[PDB]
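Q: Sending over a structure as structure tokens; questions will come in a sec.
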6 protein chains.
Amino acid sequence: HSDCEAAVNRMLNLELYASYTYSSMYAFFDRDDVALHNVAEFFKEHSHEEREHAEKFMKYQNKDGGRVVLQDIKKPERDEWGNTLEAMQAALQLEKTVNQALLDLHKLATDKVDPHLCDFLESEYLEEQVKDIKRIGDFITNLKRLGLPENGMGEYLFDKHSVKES
Amino acid sequence: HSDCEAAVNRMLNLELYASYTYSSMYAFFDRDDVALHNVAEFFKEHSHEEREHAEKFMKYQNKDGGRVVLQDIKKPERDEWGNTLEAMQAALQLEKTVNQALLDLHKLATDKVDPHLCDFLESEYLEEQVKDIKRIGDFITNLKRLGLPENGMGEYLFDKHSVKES
Amino acid sequence: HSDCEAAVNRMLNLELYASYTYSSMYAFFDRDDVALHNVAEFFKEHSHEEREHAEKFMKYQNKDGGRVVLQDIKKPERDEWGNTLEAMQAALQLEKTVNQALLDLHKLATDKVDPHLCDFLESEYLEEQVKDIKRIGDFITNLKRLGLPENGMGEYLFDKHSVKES
Amino acid sequence: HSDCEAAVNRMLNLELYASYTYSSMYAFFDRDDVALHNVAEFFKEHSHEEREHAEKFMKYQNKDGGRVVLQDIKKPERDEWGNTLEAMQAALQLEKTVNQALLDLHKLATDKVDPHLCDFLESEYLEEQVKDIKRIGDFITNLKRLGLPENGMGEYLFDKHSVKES
Amino acid sequence: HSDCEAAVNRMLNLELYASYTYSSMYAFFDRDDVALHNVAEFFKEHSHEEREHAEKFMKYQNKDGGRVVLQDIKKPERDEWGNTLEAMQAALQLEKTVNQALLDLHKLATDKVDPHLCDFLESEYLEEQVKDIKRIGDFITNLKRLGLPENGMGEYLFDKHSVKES
Amino acid sequence: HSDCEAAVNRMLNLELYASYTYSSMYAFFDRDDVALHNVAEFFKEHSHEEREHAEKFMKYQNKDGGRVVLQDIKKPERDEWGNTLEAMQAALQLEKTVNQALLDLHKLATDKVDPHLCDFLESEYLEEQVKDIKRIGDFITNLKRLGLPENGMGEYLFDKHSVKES
Ligand SMILES: [Cl-]
Ligand SMILES: [Cl-]
Ligand SMILES: [Cl-]
Ligand SMILES: [Cl-]
Ligand SMILES: [Cl-]
Ligand SMILES: [Cl-]
Ligand SMILES: [Cl-]
Ligand SMILES: [Cl-]
Ligand SMILES: [Cl-]
Ligand SMILES: [Cl-]
Ligand SMILES: [Cl-]
Ligand SMILES: [Cl-]
Ligand SMILES: [Cl-]
Ligand SMILES: [Cl-]
Ligand SMILES: [Cl-]
Ligand SMILES: [Cl-]
Ligand SMILES: [Cl-]
Ligand SMILES: [Cl-]
Ligand SMILES: [Cl-]
Ligand SMILES: [Cl-]
Ligand SMILES: [Cl-]
Ligand SMILES: [Cl-]
Ligand SMILES: [Cl-]
Ligand SMILES: [Cl-]
Ligand SMILES: [Cl-]
Ligand SMILES: [Cl-]
Ligand SMILES: [Cl-]
Ligand SMILES: [Cl-]
Ligand SMILES: [Cl-]
Ligand SMILES: [Cl-]
Ligand SMILES: [Cl-]
Ligand SMILES: [Cl-]
Ligand SMILES: [Cl-]
Ligand SMILES: [Cl-]
Ligand SMILES: [Cl-]
Ligand SMILES: [Cl-]
Ligand SMILES: [Cl-]
Ligand SMILES: [Cl-]
Ligand SMILES: [Cl-]
Ligand SMILES: [Cl-]
Ligand SMILES: [Cl-]
Ligand SMILES: [Cl-]
Ligand SMILES: [Cl-]
Ligand SMILES: [Cl-]
Ligand SMILES: [Mg+2]
Ligand SMILES: [Mg+2]
Ligand SMILES: [Mg+2]
Ligand SMILES: [Mg+2]
Ligand SMILES: [Mg+2]
Ligand SMILES: [Mg+2]
Ligand SMILES: [Mg+2]
Ligand SMILES: [Mg+2]
Ligand SMILES: [Mg+2]
Ligand SMILES: [Mg+2]
Ligand SMILES: [Mg+2]
Ligand SMILES: [Mg+2]
Ligand SMILES: [Mg+2]
Ligand SMILES: [Mg+2]
Ligand SMILES: [Mg+2]
Ligand SMILES: [Mg+2]
Ligand SMILES: [Mg+2]
Ligand SMILES: [Mg+2]
Ligand SMILES: [Mg+2]
Ligand SMILES: [Mg+2]
Ligand SMILES: [Mg+2]
Ligand SMILES: [Mg+2]
Ligand SMILES: [Mg+2]
Ligand SMILES: [Mg+2]
Ligand SMILES: [Mg+2]
Ligand SMILES: [Mg+2]
Ligand SMILES: [Mg+2]
Ligand SMILES: [Mg+2]
Ligand SMILES: [Mg+2]
Ligand SMILES: [Mg+2]
Ligand SMILES: [Mg+2]
Ligand SMILES: [Mg+2]
Ligand SMILES: [Mg+2]
Ligand SMILES: [Mg+2]
Ligand SMILES: [Mg+2]
Ligand SMILES: [Mg+2]
Ligand SMILES: [Mg+2]
Ligand SMILES: [Mg+2]
Ligand SMILES: [Mg+2]
Ligand SMILES: [Mg+2]
């Protein structure tokens, strides 16, 4: 019946949503008419990370004596992702949406005088999110430099050099 | 536009649904007023397996030249799972529901003369499912023998002996 | 002459009090007419942890340029602890009492604009306390399930399975 | 209801008292305006030893079929310890006070024809105490030789050479 | 154009200033008419630490999407440092000046509702600074005890025993 | 009061200036809208080298019986560096400026009949500088060949192939 308790359930749902969107990006880049497998695997890894982030909120809820209450995991906003630049731009926005949600949870915890929840967020979530935003930003800058979307050689090269070989 | 292609997308959605239900069972058994941690971890492992099973269907779809099309992952049917017997009975039914879906996909593949899809299902899915159904059945029999739901000592003992220590 | 300085001295005293209560629980479970040695050793380990927590506050005080000022360590509230359920219920309440004291120190540090002290508490104390509260809660639930206090077989079994073998 | 049983409880209380005094000496020497860290760590180790000596009496009481009965642990006689010479002189007196208590327990055990308790004391306590008294005596002689309290160079040197480096 | 962004640039400049002052202290103690090489190396290590602390703020600025803007690194306040006591007293004041700047940045971040920056400071800066202040304080106390500035034997001994051998 | 002594102090200041400029180039290439991390790390390494070169002059001054006298470290000439070609061209000019200063010091040492200083410069500085000038020259030629500044694919490729992976 707690506002933080409900907020955490919402946050867990959002992490699950983010994981599913990344999974969609993985599937797209794996397609035979897309076929950027390093880019695919980058998004697969991000999907697994976000699911791990959801499971951490489940654990926190239970340690906190709250109840985990699950809702539908909504499908991603798109069925196809265009190319590496468009997908990275959507990822950036997704990470920012998750970041603002985290920051909103932190403001709630602050108002509710819940320093344990403030620390949890600061220690387990906020800096990972700053890192992911920076790295995706950096990728977008490079994709622009490489001439996306028009420059297919540049897109091919990004897949080889910018993302780890899978 | 393929019937097998759509069927595979449906199957992938069902695997994701099954994974989410298991995740719910994990969260429940982790609760401070439930507190059967081996049972919790058993269901967590099943959730991870079902997600892996979804990802295999994504890979198959793409290798097949189909398109992965995602839908909402519906929340589990219950928010709380009663006890170890009730949760295992629900797991049994979930596994049977997934099994019948797999078998229905197999009948479709058979009609569509798709031996590759028939083999995929037979080699990667059907026997795992027979194993999971047997093991859950066996657990139910033991939980009954142990006096569930009334016998809380028996439920405690099941957690110690029947499921691997986490 | 600082309010945080005095508060820290009080907190150190409380940690020492908590350690002593745990030591009493250890001694009780070691008795020849109690004789639950795993349960005894669980409480002995908690006593050593709380003493370590007191010593950390001494170190903090000194690094902070404050003065460690000691008071009497009051004897535990009880001379005998009933059984494993009663002892765990008292431990739960003790952990909650220490937790509220920590949280009160944190509110003081927050008012006094002492982020270093806020971090200390958040990084070294608050999450350990959430863990201990969860684990004791979980034990109480299990002890209830096992039929305590009446079910001596259940109490025997708890000692074997729930607490680490000493 | 035993005289030896009560005597042991008193002895355990005294060991706990001695440990707490040593802990106070540790805290003092750690202070930023005292800052003799080897001397601090020497007294910290003595505090841990005395606590171990208390726990041995708890074990003995329980093996003996007696009951451990705890009382308040009184705060040390001083809040500040002067310097290394004054602290060592107080330690010497504390060790002698504990030694006389042990010897008094031994006389009681002798009167009560309790050779097991006599052996316990002789084998686990009396010789450790002779060693500690000798070593502190030896330190006092050296601190005098070094010109304490006036000779701060001598006090600095004692910390470097006489007590183990921490 | 951010107040935190400018504040971080100022903080980075101050860290660079602190590093340069330490470098000056290193050079002084290396002189043939000063010749306290352990003391020299202590200040050299502190200079390298402060430069590392500046580079961390550059990294933070960039991850934060701000711009690193550099200003002149002002020369140290003194060209010569007297002796080990005077140098340590100046170091103490320098560390306190850096600490107050950090704490002021933290107050700004708090007002601007920037918990990520609050955590950064608390996790990477504030406790290191408490440690450095304590250790220098402790050194000053010892240098006083050793008879500085008049007691050149004491100063020689400090170099041998208090600071690590280089 | 020596001309070589003052000259060395000037030289040390210039090395510190050069290190700071390189640090600025590092920060620029790390930016989210620049994002050439290998190029960033190349300039970071050059900054650390130049600081090491300053510290060597401090050591030389002191061994020589001179006094290290520090001045302000002036901020770099630019706040932003354009792109990899512009930054390399500025680095080339910076290295040449340091080289001419070294050569001027050498002429002074030669006039002052200071073969030890001549050797120092020849053995520790002049050949490193010839190497750095060659390597930066070579980079400029390649950046031109790659089509800088207009060819962003070429700039991306330079970062991958020409500078070591960080
Ligand atoms: Cl709400
Ligand atoms: Cl709330
Ligand atoms: Cl939701
Ligand atoms: Cl995680
Ligand atoms: Cl779409
Ligand atoms: Cl954001
Ligand atoms: Cl890149
Ligand atoms: Cl269909
Ligand atoms: Cl078909
Ligand atoms: Cl579906
Ligand atoms: Cl699988
Ligand atoms: Cl329900
Ligand atoms: Cl079935
Ligand atoms: Cl079984
Ligand atoms: Cl107060
Ligand atoms: Cl205060
Ligand atoms: Cl108190
Ligand atoms: Cl601890
Ligand atoms: Cl009682
Ligand atoms: Cl609480
Ligand atoms: Cl349990
Ligand atoms: Cl008596
Ligand atoms: Cl007796
Ligand atoms: Cl007593
Ligand atoms: Cl012992
Ligand atoms: Cl006193
Ligand atoms: Cl004696
Ligand atoms: Cl001695
Ligand atoms: Cl400002
Ligand atoms: Cl701001
Ligand atoms: Cl500035
Ligand atoms: Cl650092
Ligand atoms: Cl001066
Ligand atoms: Cl300060
Ligand atoms: Cl010596
Ligand atoms: Cl020595
Ligand atoms: Cl010292
Ligand atoms: Cl000149
Ligand atoms: Cl000259
Ligand atoms: Cl100059
Ligand atoms: Cl060098
Ligand atoms: Cl500029
Ligand atoms: Cl040149
Ligand atoms: Cl090249
Ligand atoms: Mg909470
Ligand atoms: Mg919808
Ligand atoms: Mg939100
Ligand atoms: Mg606040
Ligand atoms: Mg962190
Ligand atoms: Mg991440
Ligand atoms: Mg993220
Ligand atoms: Mg096919
Ligand atoms: Mg619904
Ligand atoms: Mg079906
Ligand atoms: Mg067949
Ligand atoms: Mg098979
Ligand atoms: Mg299976
Ligand atoms: Mg299954
Ligand atoms: Mg403080
Ligand atoms: Mg009382
Ligand atoms: Mg309180
Ligand atoms: Mg933590
Ligand atoms: Mg704990
Ligand atoms: Mg605790
Ligand atoms: Mg006896
Ligand atoms: Mg009193
Ligand atoms: Mg006595
Ligand atoms: Mg003996
Ligand atoms: Mg001893
Ligand atoms: Mg002793
Ligand atoms: Mg930020
Ligand atoms: Mg000036
Ligand atoms: Mg300031
Ligand atoms: Mg905070
Ligand atoms: Mg920390
Ligand atoms: Mg430090
Ligand atoms: Mg510092
Ligand atoms: Mg010379
Ligand atoms: Mg200027
Ligand atoms: Mg010149
Ligand atoms: Mg010549
Ligand atoms: Mg050479
Ligand atoms: Mg070089
Ligand atoms: Mg160079």
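Scheme for the structure tokens: letters A, B, ... for chains in order shown; per-chain residue numbers from 1; ligand numbers from 1 in order shown.
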Extract, using only C-alpha atoms, all DNA, RNA and protein residues at most 10 Å from stretch 133-144 of chain B, discarding same-chain residues fewer than 3 positions from it, and format them as a VMD selection string.
A: chain B and resid 84 to 96 99 127 to 130 147 to 151 154 to 155 157 to 158 162 to 163
Q: Take the residues from that selection and write them out as an mmCIF file, in the first residue's frame, keeping N, CA, C and O atoms.
A:
```
data_model
loop_
_atom_site.group_PDB
_atom_site.id
_atom_site.type_symbol
_atom_site.label_atom_id
_atom_site.label_comp_id
_atom_site.auth_asym_id
_atom_site.auth_seq_id
_atom_site.Cartn_x
_atom_site.Cartn_y
_atom_site.Cartn_z
ATOM 1 N N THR B 84 3.892 -24.356 -1.825
ATOM 2 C CA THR B 84 4.728 -25.115 -2.769
ATOM 3 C C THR B 84 3.883 -26.058 -3.605
ATOM 4 O O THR B 84 4.128 -26.213 -4.806
ATOM 5 N N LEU B 85 2.855 -26.708 -3.021
ATOM 6 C CA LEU B 85 1.972 -27.631 -3.765
ATOM 7 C C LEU B 85 1.181 -26.884 -4.797
ATOM 8 O O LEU B 85 1.170 -27.240 -5.979
ATOM 9 N N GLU B 86 0.564 -25.808 -4.405
ATOM 10 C CA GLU B 86 -0.274 -25.029 -5.376
ATOM 11 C C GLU B 86 0.591 -24.498 -6.497
ATOM 12 O O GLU B 86 0.172 -24.487 -7.686
ATOM 13 N N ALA B 87 1.788 -23.995 -6.171
ATOM 14 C CA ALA B 87 2.703 -23.481 -7.191
ATOM 15 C C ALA B 87 3.170 -24.560 -8.143
ATOM 16 O O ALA B 87 3.149 -24.371 -9.395
ATOM 17 N N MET B 88 3.485 -25.755 -7.630
ATOM 18 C CA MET B 88 3.870 -26.841 -8.486
ATOM 19 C C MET B 88 2.744 -27.313 -9.374
ATOM 20 O O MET B 88 2.963 -27.661 -10.524
ATOM 21 N N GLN B 89 1.522 -27.346 -8.858
ATOM 22 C CA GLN B 89 0.347 -27.731 -9.664
ATOM 23 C C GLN B 89 0.173 -26.704 -10.781
ATOM 24 O O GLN B 89 -0.102 -27.069 -11.973
ATOM 25 N N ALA B 90 0.311 -25.420 -10.470
ATOM 26 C CA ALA B 90 0.206 -24.412 -11.546
ATOM 27 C C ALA B 90 1.332 -24.524 -12.562
ATOM 28 O O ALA B 90 1.125 -24.341 -13.785
ATOM 29 N N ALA B 91 2.517 -24.880 -12.093
ATOM 30 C CA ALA B 91 3.689 -25.058 -13.004
ATOM 31 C C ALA B 91 3.409 -26.187 -13.921
ATOM 32 O O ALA B 91 3.804 -26.156 -15.104
ATOM 33 N N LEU B 92 2.866 -27.300 -13.370
ATOM 34 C CA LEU B 92 2.533 -28.501 -14.177
ATOM 35 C C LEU B 92 1.590 -28.111 -15.297
ATOM 36 O O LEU B 92 1.744 -28.476 -16.492
ATOM 37 N N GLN B 93 0.620 -27.305 -14.970
ATOM 38 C CA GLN B 93 -0.387 -26.967 -15.960
ATOM 39 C C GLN B 93 0.233 -26.057 -16.983
ATOM 40 O O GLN B 93 -0.113 -26.198 -18.189
ATOM 41 N N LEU B 94 1.087 -25.182 -16.530
ATOM 42 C CA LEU B 94 1.827 -24.257 -17.477
ATOM 43 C C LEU B 94 2.719 -25.066 -18.442
ATOM 44 O O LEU B 94 2.713 -24.838 -19.664
ATOM 45 N N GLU B 95 3.438 -26.033 -17.924
ATOM 46 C CA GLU B 95 4.272 -26.847 -18.768
ATOM 47 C C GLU B 95 3.397 -27.624 -19.772
ATOM 48 O O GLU B 95 3.825 -27.876 -20.918
ATOM 49 N N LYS B 96 2.234 -28.102 -19.350
ATOM 50 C CA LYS B 96 1.380 -28.827 -20.255
ATOM 51 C C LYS B 96 0.787 -27.943 -21.354
ATOM 52 O O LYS B 96 0.667 -28.360 -22.510
ATOM 53 N N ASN B 99 3.604 -27.425 -23.713
ATOM 54 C CA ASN B 99 3.740 -28.674 -24.460
ATOM 55 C C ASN B 99 2.677 -28.840 -25.546
ATOM 56 O O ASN B 99 2.955 -29.188 -26.671
ATOM 57 N N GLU B 127 11.477 -33.125 -25.863
ATOM 58 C CA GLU B 127 12.003 -34.000 -24.785
ATOM 59 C C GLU B 127 12.275 -33.176 -23.527
ATOM 60 O O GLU B 127 12.055 -33.676 -22.398
ATOM 61 N N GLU B 128 12.689 -31.926 -23.658
ATOM 62 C CA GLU B 128 12.895 -31.072 -22.438
ATOM 63 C C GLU B 128 11.612 -30.936 -21.738
ATOM 64 O O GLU B 128 11.492 -30.928 -20.474
ATOM 65 N N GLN B 129 10.539 -30.804 -22.504
ATOM 66 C CA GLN B 129 9.251 -30.607 -21.926
ATOM 67 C C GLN B 129 8.749 -31.900 -21.186
ATOM 68 O O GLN B 129 8.205 -31.825 -20.104
ATOM 69 N N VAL B 130 9.020 -33.071 -21.779
ATOM 70 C CA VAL B 130 8.646 -34.351 -21.157
ATOM 71 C C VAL B 130 9.393 -34.422 -19.819
ATOM 72 O O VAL B 130 8.777 -34.851 -18.816
ATOM 73 N N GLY B 147 2.252 -34.288 3.085
ATOM 74 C CA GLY B 147 1.124 -33.673 3.820
ATOM 75 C C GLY B 147 0.740 -32.264 3.522
ATOM 76 O O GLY B 147 -0.035 -31.635 4.298
ATOM 77 N N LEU B 148 1.202 -31.739 2.386
ATOM 78 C CA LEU B 148 0.787 -30.404 1.962
ATOM 79 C C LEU B 148 -0.726 -30.437 1.628
ATOM 80 O O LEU B 148 -1.216 -31.468 1.221
ATOM 81 N N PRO B 149 -1.378 -29.302 1.877
ATOM 82 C CA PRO B 149 -0.826 -28.067 2.315
ATOM 83 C C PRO B 149 -0.696 -27.908 3.823
ATOM 84 O O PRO B 149 -0.045 -26.947 4.272
ATOM 85 N N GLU B 150 -1.296 -28.776 4.622
ATOM 86 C CA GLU B 150 -1.387 -28.548 6.024
ATOM 87 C C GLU B 150 -0.074 -28.706 6.774
ATOM 88 O O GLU B 150 0.162 -28.111 7.810
ATOM 89 N N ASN B 151 0.764 -29.589 6.286
ATOM 90 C CA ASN B 151 1.995 -29.979 7.015
ATOM 91 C C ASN B 151 3.170 -29.081 6.707
ATOM 92 O O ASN B 151 3.923 -29.287 5.770
ATOM 93 N N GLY B 154 6.579 -30.706 6.545
ATOM 94 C CA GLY B 154 6.802 -31.345 5.266
ATOM 95 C C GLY B 154 7.195 -30.356 4.197
ATOM 96 O O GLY B 154 8.099 -30.683 3.376
ATOM 97 N N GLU B 155 6.579 -29.201 4.187
ATOM 98 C CA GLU B 155 6.911 -28.191 3.179
ATOM 99 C C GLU B 155 8.355 -27.707 3.382
ATOM 100 O O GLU B 155 9.125 -27.532 2.415
ATOM 101 N N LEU B 157 10.837 -29.416 4.742
ATOM 102 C CA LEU B 157 11.674 -30.542 4.376
ATOM 103 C C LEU B 157 11.826 -30.642 2.819
ATOM 104 O O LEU B 157 12.960 -30.914 2.352
ATOM 105 N N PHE B 158 10.736 -30.409 2.086
ATOM 106 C CA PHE B 158 10.752 -30.480 0.630
ATOM 107 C C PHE B 158 11.830 -29.463 0.113
ATOM 108 O O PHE B 158 12.640 -29.771 -0.780
ATOM 109 N N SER B 162 14.399 -31.768 -1.882
ATOM 110 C CA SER B 162 13.879 -32.067 -3.197
ATOM 111 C C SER B 162 14.409 -31.157 -4.256
ATOM 112 O O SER B 162 14.607 -31.627 -5.361
ATOM 113 N N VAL B 163 14.741 -29.955 -3.893
ATOM 114 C CA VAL B 163 15.174 -28.951 -4.857
ATOM 115 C C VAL B 163 16.635 -28.668 -4.441
ATOM 116 O O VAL B 163 17.079 -28.901 -3.284
#
```
Q: Write out, as CSV, each residue of chain F that has an atom at most 7 Å from chain A, together with the closest pair of atoms and their distance in Å to one decimal, counting only C-alpha atoms, rows going by chain and rising number.
A:
```
residue,atom,partner,partner_atom,distance
F:32,CA,A:138,CA,5.0
F:33,CA,A:141,CA,5.7
F:34,CA,A:141,CA,6.9
F:35,CA,A:138,CA,5.3
F:152,CA,A:145,CA,4.8
F:153,CA,A:146,CA,4.9
```
Q: Which chains and residue numbers are within 9 Å of ligand 8, counting only C-alpha atoms and all ligand atoms, if I want them as a ChimeraX atom specification?
A: /B:1-7,10
Q: What residues have any atom no more than 8 Å from ligand 60 when counting only C-alpha atoms and all ligand atoms, and can you list them as a PyMOL selection string?
A: (chain C and resi 74-75) or (chain D and resi 71-72)
Q: So that I have them on file, write out the residues from the current selection with N, CA, C and O atoms, as a PDB file, in the first residue's frame.
A:
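File written: out.pdb
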```
ATOM      1  N   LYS C  74      24.698  -1.898  29.078  1.00  0.00           N
ATOM      2  CA  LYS C  74      23.652  -2.494  29.897  1.00  0.00           C
ATOM      3  C   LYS C  74      23.462  -3.999  29.501  1.00  0.00           C
ATOM      4  O   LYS C  74      23.589  -4.447  28.357  1.00  0.00           O
ATOM      5  N   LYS C  75      23.165  -4.738  30.565  1.00  0.00           N
ATOM      6  CA  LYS C  75      22.911  -6.182  30.436  1.00  0.00           C
ATOM      7  C   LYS C  75      21.684  -6.404  29.549  1.00  0.00           C
ATOM      8  O   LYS C  75      20.792  -5.543  29.509  1.00  0.00           O
TER       9      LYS C  75
ATOM     10  N   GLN D  71      25.770  -9.268  33.852  1.00  0.00           N
ATOM     11  CA  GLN D  71      25.474  -7.965  34.535  1.00  0.00           C
ATOM     12  C   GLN D  71      26.019  -6.859  33.599  1.00  0.00           C
ATOM     13  O   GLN D  71      26.770  -7.087  32.627  1.00  0.00           O
ATOM     14  N   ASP D  72      25.651  -5.622  33.916  1.00  0.00           N
ATOM     15  CA  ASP D  72      26.190  -4.459  33.184  1.00  0.00           C
ATOM     16  C   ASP D  72      27.689  -4.499  33.096  1.00  0.00           C
ATOM     17  O   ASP D  72      28.401  -4.931  34.034  1.00  0.00           O
TER      18      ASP D  72
END
```
Q: Taking 2 positions as the minimum chain separation for residues in the same chain, which residues sit within 9 Å of residue F:63 when counting only C-alpha atoms? Answer as a list in words.
A: residues 30, 31 and 32 of chain E; 58, 59, 60, 61, 65 and 66 of chain F
Q: Which value, in Å to one decimal, gives the distance between atom CA of residue D:24 and atom CA of residue D:105?
A: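 Here the two named atoms are 26.6 Å from each other.
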Q: Just want the 8 Å neighbourhood of stretch 106-122 of chain C, counted on only C-alpha atoms, with same-chain residues fewer than 3 positions away dropped. Output as a PDB file with N, CA and C atoms, in the first residue's frame.
A:
```pdb
ATOM      1  N   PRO A 115      16.630   6.717   3.039  1.00  0.00           N
ATOM      2  CA  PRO A 115      18.015   6.862   2.544  1.00  0.00           C
ATOM      3  C   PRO A 115      18.483   5.523   1.985  1.00  0.00           C
ATOM      4  N   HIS A 116      17.964   4.440   2.546  1.00  0.00           N
ATOM      5  CA  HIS A 116      18.361   3.081   1.998  1.00  0.00           C
ATOM      6  C   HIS A 116      17.997   2.934   0.541  1.00  0.00           C
ATOM      7  N   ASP A 119      20.335   5.254  -1.538  1.00  0.00           N
ATOM      8  CA  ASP A 119      21.600   4.580  -1.759  1.00  0.00           C
ATOM      9  C   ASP A 119      21.574   3.484  -2.765  1.00  0.00           C
TER      10      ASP A 119
ATOM     11  N   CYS C   4      26.227  15.651  16.415  1.00  0.00           N
ATOM     12  CA  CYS C   4      26.570  14.333  15.719  1.00  0.00           C
ATOM     13  C   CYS C   4      27.580  13.561  16.521  1.00  0.00           C
ATOM     14  N   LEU C 102      19.957   4.035  13.675  1.00  0.00           N
ATOM     15  CA  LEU C 102      20.866   4.376  12.498  1.00  0.00           C
ATOM     16  C   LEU C 102      20.152   5.396  11.653  1.00  0.00           C
ATOM     17  N   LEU C 103      18.846   5.191  11.389  1.00  0.00           N
ATOM     18  CA  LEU C 103      18.076   6.044  10.569  1.00  0.00           C
ATOM     19  C   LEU C 103      17.886   7.430  11.218  1.00  0.00           C
ATOM     20  N   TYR C 125      26.361   0.505   7.055  1.00  0.00           N
ATOM     21  CA  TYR C 125      25.374   0.092   8.036  1.00  0.00           C
ATOM     22  C   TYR C 125      23.998  -0.225   7.457  1.00  0.00           C
ATOM     23  N   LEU C 126      23.385   0.642   6.653  1.00  0.00           N
ATOM     24  CA  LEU C 126      21.925   0.509   6.420  1.00  0.00           C
ATOM     25  C   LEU C 126      21.575  -0.796   5.653  1.00  0.00           C
ATOM     26  N   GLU C 127      22.386  -1.128   4.649  1.00  0.00           N
ATOM     27  CA  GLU C 127      22.055  -2.329   3.841  1.00  0.00           C
ATOM     28  C   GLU C 127      22.343  -3.597   4.644  1.00  0.00           C
TER      29      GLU C 127
ATOM     30  N   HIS E 106      28.907  19.650  -3.195  1.00  0.00           N
ATOM     31  CA  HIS E 106      27.879  18.737  -2.777  1.00  0.00           C
ATOM     32  C   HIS E 106      26.561  19.475  -2.416  1.00  0.00           C
ATOM     33  N   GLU E 122      30.596  11.682  -2.768  1.00  0.00           N
ATOM     34  CA  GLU E 122      30.585  10.854  -1.533  1.00  0.00           C
ATOM     35  C   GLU E 122      31.401   9.587  -1.719  1.00  0.00           C
ATOM     36  N   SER E 123      31.339   8.994  -2.909  1.00  0.00           N
ATOM     37  CA  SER E 123      31.990   7.712  -3.184  1.00  0.00           C
ATOM     38  C   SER E 123      33.400   7.807  -3.619  1.00  0.00           C
ATOM     39  N   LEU E 126      34.887  12.310  -0.781  1.00  0.00           N
ATOM     40  CA  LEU E 126      34.770  12.849   0.597  1.00  0.00           C
ATOM     41  C   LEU E 126      35.548  11.985   1.627  1.00  0.00           C
ATOM     42  N   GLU E 127      35.459  10.663   1.479  1.00  0.00           N
ATOM     43  CA  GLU E 127      36.128   9.794   2.479  1.00  0.00           C
ATOM     44  C   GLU E 127      37.641   9.829   2.276  1.00  0.00           C
TER      45      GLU E 127
END
```
Q: May I have the residues within 7 Å of residue C:9 as a ChimeraX atom specification, using only C-alpha atoms and disregarding those fewer than 6 positions away in the same chain?
A: /C:68-70
Q: Go ahead and write the selection's residues with N, CA, C and O atoms as a PDB file, in the first residue's frame.
A:
```pdb
ATOM      1  N   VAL C  68      35.660   9.806  21.374  1.00  0.00           N
ATOM      2  CA  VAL C  68      34.965   8.593  21.813  1.00  0.00           C
ATOM      3  C   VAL C  68      34.736   8.712  23.291  1.00  0.00           C
ATOM      4  O   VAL C  68      35.686   8.833  24.028  1.00  0.00           O
ATOM      5  N   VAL C  69      33.492   8.634  23.734  1.00  0.00           N
ATOM      6  CA  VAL C  69      33.104   8.714  25.123  1.00  0.00           C
ATOM      7  C   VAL C  69      32.228   7.516  25.412  1.00  0.00           C
ATOM      8  O   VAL C  69      31.173   7.299  24.727  1.00  0.00           O
ATOM      9  N   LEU C  70      32.661   6.653  26.295  1.00  0.00           N
ATOM     10  CA  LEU C  70      31.986   5.412  26.560  1.00  0.00           C
ATOM     11  C   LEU C  70      31.098   5.479  27.785  1.00  0.00           C
ATOM     12  O   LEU C  70      31.329   6.269  28.663  1.00  0.00           O
TER      13      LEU C  70
END
```
Q: Could you give me, as CSV, a per-residue list for chain C showing, wherever an atom lies at most 10 Å from an atom of ligand 19, the closest pair of atoms and their distance in Å to one decimal, using only C-alpha atoms and all ligand atoms and sorting by chain then residue number from low to high?
A:
```
residue,atom,partner,partner_atom_place_in_ligand_line,distance
C:76,CA,ligand 19,1 (Cl),9.0
C:77,CA,ligand 19,1 (Cl),7.1
C:78,CA,ligand 19,1 (Cl),3.8
C:79,CA,ligand 19,1 (Cl),3.9
C:80,CA,ligand 19,1 (Cl),4.6
C:81,CA,ligand 19,1 (Cl),6.8
C:82,CA,ligand 19,1 (Cl),8.6
```
Q: Just the selected residues (C-alpha atoms), exported as a short mmCIF file (atom, residue, chain, number, x, y, z; two decimals), in the first residue's frame, please.
A:
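This is the output file out_34.cif:
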```
data_model
loop_
_atom_site.label_atom_id
_atom_site.label_comp_id
_atom_site.auth_asym_id
_atom_site.auth_seq_id
_atom_site.Cartn_x
_atom_site.Cartn_y
_atom_site.Cartn_z
CA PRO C 76 20.36 -7.85 28.11
CA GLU C 77 16.68 -7.50 28.88
CA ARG C 78 16.31 -11.25 29.54
CA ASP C 79 18.42 -13.85 31.27
CA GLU C 80 16.87 -16.72 29.32
CA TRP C 81 15.42 -16.72 25.84
CA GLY C 82 12.69 -19.38 25.77
#
```
